[PDB]
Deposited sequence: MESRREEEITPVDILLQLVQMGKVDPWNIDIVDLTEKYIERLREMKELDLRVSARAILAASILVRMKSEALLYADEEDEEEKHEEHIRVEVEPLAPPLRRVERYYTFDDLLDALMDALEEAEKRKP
C-alpha cells in the first residue's frame, strides 16, 4: 500500500521487549502505542488510518480500565492474542 498498520506498532512493542505478551497493561500499553505512533509521524512515514483509529480505541480501553478496576466486560490486563481480537473487533465496527 504501504502503510504502518496497528499490528506493526504492537508487534514492535512486543519484539523490543517493551510489553509482556502474556500480561499486557492496557493503561500502560496505550501511551507506549502513542509514543511509537508519534515516532513514525515525526519521520513523516505512511501510517494507515486504522493505526490512527486504534489510538482512539486504546485511549477508551484504558479510560474504562482505570474506571473499572462500559457495556462490555472491561478488562485491565490482556494477552496479546486477546488484545489483537479486542482491538480488531473495535476497529471493524467503528
*Go through the deposited sequence from residue 1 and tell me which stretches lack C-alpha coordinates, in order.*
1 to 5, 75 to 96, 122 to 126
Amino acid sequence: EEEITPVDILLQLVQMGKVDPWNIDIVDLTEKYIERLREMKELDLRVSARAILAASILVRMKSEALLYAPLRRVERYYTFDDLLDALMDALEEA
From here on, numbers count along this sequence of modelled residues.
_Mean Cα B factor from the PDB record: higher for 1 to 9, or higher for 85 to 93?_
85 to 93
*Got a sec? Mean C-alpha B-factor, which is higher, 23 to 31 or 55 to 63?*
23 to 31
*Looking at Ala49, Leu43, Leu37, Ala69, which has the highest Cα B-factor in the entry?*
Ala69
